[PDB]
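> One structure, pasted below without further comment.
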10 protein chains.
Amino acid sequence: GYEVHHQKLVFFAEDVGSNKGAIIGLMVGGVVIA
Amino acid sequence: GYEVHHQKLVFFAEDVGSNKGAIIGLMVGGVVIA
Amino acid sequence: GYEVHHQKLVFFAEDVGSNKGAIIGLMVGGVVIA
Amino acid sequence: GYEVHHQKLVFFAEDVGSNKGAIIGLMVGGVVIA
Amino acid sequence: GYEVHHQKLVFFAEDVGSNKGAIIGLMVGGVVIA
Amino acid sequence: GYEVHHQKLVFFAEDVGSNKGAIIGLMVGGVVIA
Amino acid sequence: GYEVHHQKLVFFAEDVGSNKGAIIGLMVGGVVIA
Amino acid sequence: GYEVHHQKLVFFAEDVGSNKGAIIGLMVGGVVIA
Amino acid sequence: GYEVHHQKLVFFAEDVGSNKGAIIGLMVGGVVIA
Amino acid sequence: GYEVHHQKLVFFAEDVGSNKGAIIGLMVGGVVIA
């Protein structure tokens, strides 16, 4: 008997205000110039 | 017996206000200039 | 017996107000200039 | 009997305000110039 | 009988304000110039 | 002066022959029964 | 002067033959039963 | 003067043959039953 | 003068044959039952 | 003058054959039942 439930993953749990650069949750490869 | 339920994934859980750059949840490859 | 139910994925769970740049949930490849 | 529940992973638990560089949760490969 | 629950992992538990360099939670490979 | 060029991302670089299950490059959400 | 070039990311560099289960490059969220 | 080039990331560099379970490169969140 | 080049990261450098459980390169969060 | 080159990181340098449990390179958080 296996029961897997209620796992929770959050990248940004609160406000992201007045951003002027780069906000990225998950980046695979890719280039960011900020 | 297997029961997998109620997994939750959130990238941005709260407000994203007055953004002037780049807000990206999941970026695979790609180039961001901010 | 397998039962997989009620998985939930959310990119932007709250308000996205007065955006002036680029808001992207999932970007594969692609170029963003902001 | 196995029950795995309520694991929680958070990258940014609080506000990310007035960002001018690069904020990244999980980066695999990739180049960041900030 | 096994019950594994309520493990919690946090990268940034508090505010990340006025960032001008590079803030990264988990970086695998990759190059950061700050 | 910024020049970003010739980034390359490949999911399956070689042959995928006689598949009988599920081959997926990038899966976001979703359920796979194989 | 910044020049970022020729980064290479590969998930499966060689043959994937006679698969009967689940082969996934990048999985975000999601449930796999194999 | 900065030049960042020829970084290489490989998940599976060789053959993945006769798979009957689950082969995953990068898994974020998610549940695997194998 | 900075030159950063030819970094190499490999998860599985050789064959992964006749797998019947779970083979995962990088797992963040998530539950594996094997 | 700085030159950083040819760093090499390998998780599994040789064959991973007839696996029946869980083989994981890098696990952050997460629960493994094997």
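We number chain G the way Swiss-Prot does; in order, the residues shown are 680-713.
Heads up, header says this was done by electron microscopy, 2.5 Å.
Cβ coordinates come from backbone N, Cα and C, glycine included.
So Swiss-Prot says this about it:
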type	residues	note
CARBOHYD	G:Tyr681	O-linked glycosylation site
SITE	G:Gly704	site 'Implicated in free radical propagation'
SITE	G:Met706	site 'Susceptible to oxidation'
> Counting only residues 6+ apart in the same chain, whose Cβ is under 8 Å from the Cβ of G:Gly704 (site 'Implicated in free radical propagation')?
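Within the chain, G:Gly704 (site 'Implicated in free radical propagation') has Cβ neighbours under 8 Å at G:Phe690, G:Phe691.
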> Using Cα coordinates, what distance in whole Å links G:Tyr681 (O-linked glycosylation site) and G:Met706 (site 'Susceptible to oxidation')?
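Cα of G:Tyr681 (O-linked glycosylation site) to Cα of G:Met706 (site 'Susceptible to oxidation') measures 32 Å after rounding.
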> Hey, what's the Cβ neighbour count for G:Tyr681 (O-linked glycosylation site) at 10 Å?
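Summing over all protein chains shown, G:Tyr681 (O-linked glycosylation site) has 16 other Cβ atoms within 10 Å.
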> Going by DSSP, is G:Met706 (site 'Susceptible to oxidation') sitting in a helix, a strand, or coil?
strand
